[PDB]
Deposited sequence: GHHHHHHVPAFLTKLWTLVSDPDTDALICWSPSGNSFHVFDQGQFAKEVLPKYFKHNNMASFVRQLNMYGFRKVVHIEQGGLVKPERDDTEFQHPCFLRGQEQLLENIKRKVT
């Protein structure tokens, strides 16, 4: 029913063993990826058939996720945050409302 990408992403974010690399934000309305390098090489191949952050990012955009911009990035002086309105901590059933672009 719910496509594999969303259930794995939900499980991956919620899993407390991965919270050093991917976890919910305190509000539970977005998720963070820390150290993209270790995440792509260590975490992604355990759920998907690849280890590329770009292929994970491409899927995020296919399901309508958007990157959250922090106002402190953009200067010359690793935290990647994504959000979807129906991807909320404690609301796994809401994943049926997220559906992929055709």
In deposited-sequence numbering, the unmodelled segments run 1 to 6, 84 to 87, 113
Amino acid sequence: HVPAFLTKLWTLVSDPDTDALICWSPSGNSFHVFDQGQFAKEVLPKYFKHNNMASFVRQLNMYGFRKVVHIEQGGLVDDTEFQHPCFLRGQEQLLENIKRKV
From here on, numbers count along this sequence of modelled residues.
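Basically, rigid core = biggest C-alpha set you can superpose within 1.5 Å across the two forms.
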Of the two stretches 31 to 39 and 49 to 57, CA positions deviate more in 6 other deposited structures of this protein after rigid core alignment for 49 to 57
### Query
Checking the other entries of this protein that model its neighbours, is residue 26 missing in at least a third?
no
In at least a third of the other compared PDB entries, does residue 69 have no coordinates?
no
With B-factors read from the PDB entry, the higher C-alpha mean of 51 to 59 and 68 to 76 is in 68 to 76
With B-factors read from the PDB entry, the higher C-alpha mean of 12 to 20 and 84 to 92 is in 12 to 20
